[PDB]
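These protein sequence lines are chains CCC, DDD, AAA and BBB, in that order.
Residues 57 to 365, numbered by the authors' numbering, are exactly what the first sequence covers, in order.
Residues 55 to 365, numbered by the authors' numbering, are exactly what the second sequence covers, in order.
Residues 58 to 365, numbered by the authors' numbering, are exactly what the third sequence covers, in order.
Residues 54 to 365, numbered by the authors' numbering, are exactly what the fourth sequence covers, in order.
To start, the structure under review is shown below, and the notes come after it.
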Amino acid sequence: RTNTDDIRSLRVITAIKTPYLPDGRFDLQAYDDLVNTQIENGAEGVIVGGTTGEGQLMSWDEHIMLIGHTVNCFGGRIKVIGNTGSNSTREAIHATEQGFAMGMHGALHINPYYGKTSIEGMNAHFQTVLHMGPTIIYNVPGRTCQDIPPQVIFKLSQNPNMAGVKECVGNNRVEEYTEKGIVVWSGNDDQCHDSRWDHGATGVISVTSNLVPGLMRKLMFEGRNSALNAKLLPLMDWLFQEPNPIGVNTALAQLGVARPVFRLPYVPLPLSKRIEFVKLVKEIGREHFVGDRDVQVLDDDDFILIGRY
Amino acid sequence: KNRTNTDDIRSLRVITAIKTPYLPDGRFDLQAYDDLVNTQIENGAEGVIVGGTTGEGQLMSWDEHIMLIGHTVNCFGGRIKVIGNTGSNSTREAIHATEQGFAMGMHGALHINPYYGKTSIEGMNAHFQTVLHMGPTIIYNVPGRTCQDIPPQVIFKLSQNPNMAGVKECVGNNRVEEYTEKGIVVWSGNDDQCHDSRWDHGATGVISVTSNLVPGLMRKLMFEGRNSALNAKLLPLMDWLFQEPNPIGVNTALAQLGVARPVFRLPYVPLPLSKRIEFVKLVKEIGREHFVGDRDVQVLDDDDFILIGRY
Amino acid sequence: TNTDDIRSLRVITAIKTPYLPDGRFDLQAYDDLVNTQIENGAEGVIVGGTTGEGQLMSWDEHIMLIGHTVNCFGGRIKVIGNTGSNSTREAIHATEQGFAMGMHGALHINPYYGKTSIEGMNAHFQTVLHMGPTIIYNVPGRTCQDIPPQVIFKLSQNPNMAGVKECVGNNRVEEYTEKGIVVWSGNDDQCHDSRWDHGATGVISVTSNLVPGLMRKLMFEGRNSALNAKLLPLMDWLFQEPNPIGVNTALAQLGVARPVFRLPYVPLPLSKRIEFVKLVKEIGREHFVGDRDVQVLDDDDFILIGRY
Amino acid sequence: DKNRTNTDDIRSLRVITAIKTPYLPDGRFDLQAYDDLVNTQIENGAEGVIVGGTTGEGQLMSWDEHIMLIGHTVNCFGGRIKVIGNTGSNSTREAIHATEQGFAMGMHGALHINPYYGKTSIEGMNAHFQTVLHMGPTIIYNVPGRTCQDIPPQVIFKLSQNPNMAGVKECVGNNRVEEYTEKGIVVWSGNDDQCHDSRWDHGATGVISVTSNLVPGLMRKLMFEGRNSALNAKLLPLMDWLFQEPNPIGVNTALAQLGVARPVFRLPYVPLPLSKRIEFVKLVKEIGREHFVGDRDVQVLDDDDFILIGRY
Ligand code: NA
Ligand code: NA
Ligand code: NA
Ligand code: NA
């Protein structure tokens, strides 16, 4: 009850990057340093194994290990929300119940993608997991190729476990929910400022907070600041020029907080974009980005692409 | 060597994306599955996709999926080409599923571009290059489900590999003709376009959902020349089958025809009663003798259907 | 630092895994069993050992159970994951995942069924000794391979080797304790003498699942051959058939676990369930876990599960 | 009634090889080396193969690897040899899934051991076997030295009432073998050094063999062409060498020395040391290289030629 309201009050949730060692196994030391940096800079929640976290590339044993690890090490200092959704109701059920048993505070649930279903199918799917604990519903039609229509959100909102919506359709859809008292986090970093201050969004579930968490906290807490929004836009444009998480993986390797190791099918942004990133870090100021090391361009041969992880 | 194996996939005109039927507790009905595959072979299907979108590969555990492929090869592999849907948005899953499927004697692989976790053009090529060397491969472009079009530049690059059999293309006849005019083999992924794709745009044939119901008629459409009459007669059935996302239609129809149990793995649920009545009417317009099974088509009561969450 | 905390423990319960009727874990019932162990002075739990039917678990349910136990109880009791395997690959992955989820220690058996050379055994243990505090498990009755003293003395030089769960007997326990190695008896009917006469730090116990208070008294309040004699009937009953057949049957009779068995374990037959009702009365039911009157149960009360 | 023919087709096999699983340098299966090992067995009179038994390191496989190897062997060789999947487990759930998957992919038979480590009661053991016995031709594996639990005759006699019980792989010895054969139960010896006397003096149908990995033609001779004490005595030094450390350490070392498998070990197995590899070269000379699998001169191999993999 207050578990769900504890999620509803979060303004800055980081969709945290999963860092890798050279053979593609998780780098738990790098991961811990990233989550600590997020806490120190006023991140209030983490999504573990979301799209930015490459949950789709995880075996389920890695994923529950990472949720349990994150609860064990950080559960007292940050809200841990497992991405335990799936296009398979069986996996969503299994993952969500194992997630809560290891003490995660919440679950992020997308509608079934690729294997898309009917409105009745979609409701049936969400009813199997909504009862298990506090739940953020994830609408990202650019990835799923299926819009969760307002009628479905309204019906799901009748359950008190439905904490709110991670919305990516845009600020009109955000406002359609917030004006009826439904909590919304923007999923679009380049819209979250206008979403928070003009459209009643509680805050952001952010990719950009992986690089500049202090600046993203400032954006959601310290009142409208279109000057700061405009200073971040070039970084946000760079981050989303290829599909997330290609930008943030490339960037965190340039900042030296993650090794230059990619699980396929992701590959780094090319040299031309890594040179652009150095200029963006200098223009914003290195002190605002995670890590202490000097940003590097890196050579192509620094990047390790792994298929057998 | 590989050239003959690839040419054996390229010659196929009718490939059925076969439905996976279930027991009351949500496990595979292998008995019902074997009868479906036998019915496809008897009515001219030359190939089968095992665990495609239509076969709910998305809902299988990998041990279930690999077993169904090995089972299809062992029982039917001398009588039909067995093409495993061993694709994934995860390169690691695609590598292991594909090498295991080929090691168990499947004739080909269907490989979609990474969906949901979509990647760059460079990433897409790197993904396909890990599996294209393993054997005859059909690249699957269905941007309506993946939300990412495989652009012609990826297809032209992959077609330099002799294991690249061809494309299952869902974008339309214009995209079909961009490949067939250069001699890249194309199967239509769209039942309501495949007649025109086949006779007017150089498509070799169809990777079909409708062939689950009327395999005889789909074979006739793909072999016996232009037949606008027969294509129009089927259009109402194809419109019924795709009014909700596949395979809700085919799953419902095969239970109504009595060739699979009315058992659904969530998040799929059957078409409602008024649609099942519509289906009985469509079966009578075309003729029950053209549909799979012998039992009279039934409407079925809402409570005849079982929905499984924990399969 | 971390290893010294494990070396002090005297009562470690090899905790039973209870099931719902479809064969899935009964986490409510599991949590109730662990809360009772803590209330009655149990200082550690083995999660998914032989008693816990680790061998019957899927990977994800074993790793989940360890993580669940750390999250719910890690502050009140030491959680030792049974992450050992006859496969080095499985021992590596389970041990590193167990420690990442915050378990305090790992229990490591020598490879069973696919048994290996002494050199192979040393190679196996070295892949996991570096990951955290490790108890080496010698149970030649189940592995059909005795870990020789030579191997234990060499491993004991590694500061991550906390000590040995030893089942060979009290002469073997003393050979290790007199040479400075920490030993827990793995034999409930030997652990008293082991503790008071042979230098054993305490017990990794099955019987503590039924009578955790009496087992704590047996390990802490001094030599007491009369209490030991009073428990010997219950211990002989618990080991008539291979563990965990006895403990699974008893906890069903006490009403703290459903009468649900994962094959290939089946319950003790009716004559033995009647003996257990008598042993409970002889000892006093207030000493046994749970509040319900001890039932005999019918043969048809027991659900045997193959597909779970 | 097809069940009867299928089970009888297993019962008539006299030479069954517990085939070694060979690896690439990173620990994955070497399917090329495996196909060459299986082709050699067929060319030299082996009539069946156990896929991923103890000798084949089934205990170290993930089930996706194991099921793949069964389907691969059925698909490439199923017409030329009988394929028996080791789909047994100390877990009844794993035994049921592995066995129904194995049969669904066309394996001819299943090898079922009694639960090891997590051992059960007589009643439990019967319950375990009854869940898989109905799926098809089944060989019950009694190996008390590895399981630490003898499958007692009362259990075997009860199981032999099922038409799908093809027979027993028995390791207790010739007196236990005779107990079963004198009652008409088909038995294969699982002890290479006993299988000659078991075959000709105690009514064993043949052998489920480790040694046939090295000298398949000699083992076929031992099982088909009558009593031959001299040939049996000449294989004994090789058979003692193969079992001085737990199987399959010996056969893994030997197949590397003969150059038919790469010198790659999945832990917890490690090669016999140099002194034993030098003995092996001597044993091969004594018998004749022509009788051992492969065409390459036998090598001693250096310690540093061996790769040990934990994270496979
Ligand atoms: Na996310
Ligand atoms: Na398909
Ligand atoms: Na234990
Ligand atoms: Na074997």
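Note that beta-carbon positions come from the ideal geometry of N, C-alpha and C, so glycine has one too.
Taking just the CA atoms, how far does residue j sit from residue i?
| i | j | result |
| --- | --- | --- |
| CCC:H165 | CCC:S142 | 7 Å |
| DDD:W241 | DDD:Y194 | 10 Å |
| CCC:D61 | CCC:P321 | 37 Å |
| CCC:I72 | DDD:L122 | 37 Å |
| CCC:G303 | DDD:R146 | 21 Å |
| DDD:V313 | CCC:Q207 | 35 Å |
| BBB:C201 | AAA:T107 | 15 Å |
| AAA:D89 | AAA:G243 | 24 Å |
| BBB:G105 | DDD:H119 | 21 Å |
| AAA:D246 | AAA:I175 | 30 Å |
| AAA:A148 | BBB:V221 | 32 Å |
| CCC:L288 | CCC:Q214 | 37 Å |
| CCC:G124 | CCC:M188 | 17 Å |
| BBB:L267 | AAA:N179 | 28 Å |
Is residue i near ligand 1 - that is, is its Cβ less than 6 Å away from at least one heavy atom of it?
| i | result |
| --- | --- |
| CCC:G141 | no |
| CCC:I166 | no |
| CCC:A148 | no |
For ligand 4, any of its heavy atoms closer than 6 Å to the Cβ of residue i?
| i | result |
| --- | --- |
| CCC:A157 | no |
| BBB:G106 | yes |
| AAA:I193 | no |
| BBB:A99 | no |
| BBB:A71 | yes |
Starting from the C-beta of residue i, find all residues in its chain whose C-beta is less than 7 Å away, skip the five residues before and the five after it, and write them out in chain order.
| i | result |
| --- | --- |
| AAA:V68 | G98, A99, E100, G259, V260, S262, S265, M272, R273, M276 |
| CCC:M218 | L186, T191, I193, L212 |
| CCC:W116 | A151 |
| DDD:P78 | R315, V317, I360 |
| DDD:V337 | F345, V351 |
| AAA:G363 | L320 |
Report the neighbours of residue i on chain CCC: residues whose CB is nearer than 7 Å to its CB, in chain order.
| i | result |
| --- | --- |
| DDD:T184 | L320, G363 |
What does a CB cutoff of less than 6 Å around residue i pick up in its chain, not counting 5 residues either side in sequence?
| i | result |
| --- | --- |
| BBB:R229 | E223 |
| BBB:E231 | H255 |
| CCC:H249 | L275, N285 |
| BBB:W253 | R280 |
| AAA:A257 | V230, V240, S242, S251 |
Find the residues of chain AAA that neighbour residue i, judging by a C-beta separation of less than 8 Å, and give them in chain order.
| i | result |
| --- | --- |
| BBB:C224 | Those within 8 Å of BBB:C224 in chain AAA number zero; the least Cβ separation is about 12 Å. |
Taking Cβ-Cβ distances shorter than 9 Å, what residues in chain BBB pair up with residue i?
| i | result |
| --- | --- |
| DDD:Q154 | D117, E118, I120, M121, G124, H125 |
Does the distance from the CB of residue i to the CB of residue j come in under 7 Å?
| i | j | result |
| --- | --- | --- |
| AAA:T306 | AAA:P290 | no |
| BBB:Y76 | BBB:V225 | no |
| BBB:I95 | BBB:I137 | no |
| CCC:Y169 | DDD:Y170 | yes |
| DDD:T173 | CCC:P299 | yes |
Could you list which residues in chain AAA have their beta carbon closer than 9 Å to that of residue i, in chain order?
| i | result |
| --- | --- |
| CCC:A157 | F82, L84, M121, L122, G124, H125, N128, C129 |
What residues of chain AAA sit near residue i, judged by a beta carbon separation below 7 Å?
| i | result |
| --- | --- |
| BBB:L354 | Those within 7 Å of BBB:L354 in chain AAA number zero; the least Cβ separation is about 16 Å. |
Is the beta carbon of residue i within less than 6 Å of some heavy atom of ligand 3?
| i | result |
| --- | --- |
| AAA:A219 | no |
| AAA:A257 | no |
Ignore the nearest five residues each way along the sequence and tell me which others in residue i's own chain have a CB closer than 8 Å to its CB.
| i | result |
| --- | --- |
| BBB:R57 | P216 |
| BBB:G177 | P168 |
| CCC:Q297 | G303, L325, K329 |
Cβ closer than 8 Å: which chain BBB residues qualify as neighbours of residue i?
| i | result |
| --- | --- |
| DDD:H150 | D117 |
Could you work out which residues of chain BBB lie near residue i, taking near to mean beta carbons separated by less than 7 Å?
| i | result |
| --- | --- |
| AAA:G198 | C201 |
Does the Cβ of residue i lie closer than 6 Å to at least one heavy atom of ligand 2?
| i | result |
| --- | --- |
| DDD:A163 | no |
| DDD:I103 | yes |
Any heavy atom of ligand 5 inside 6 Å of the beta-carbon of residue i?
| i | result |
| --- | --- |
| AAA:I204 | Absent from the structure shown: ligand 5. Ligands present: ligand 1, ligand 2, ligand 3 and ligand 4. |
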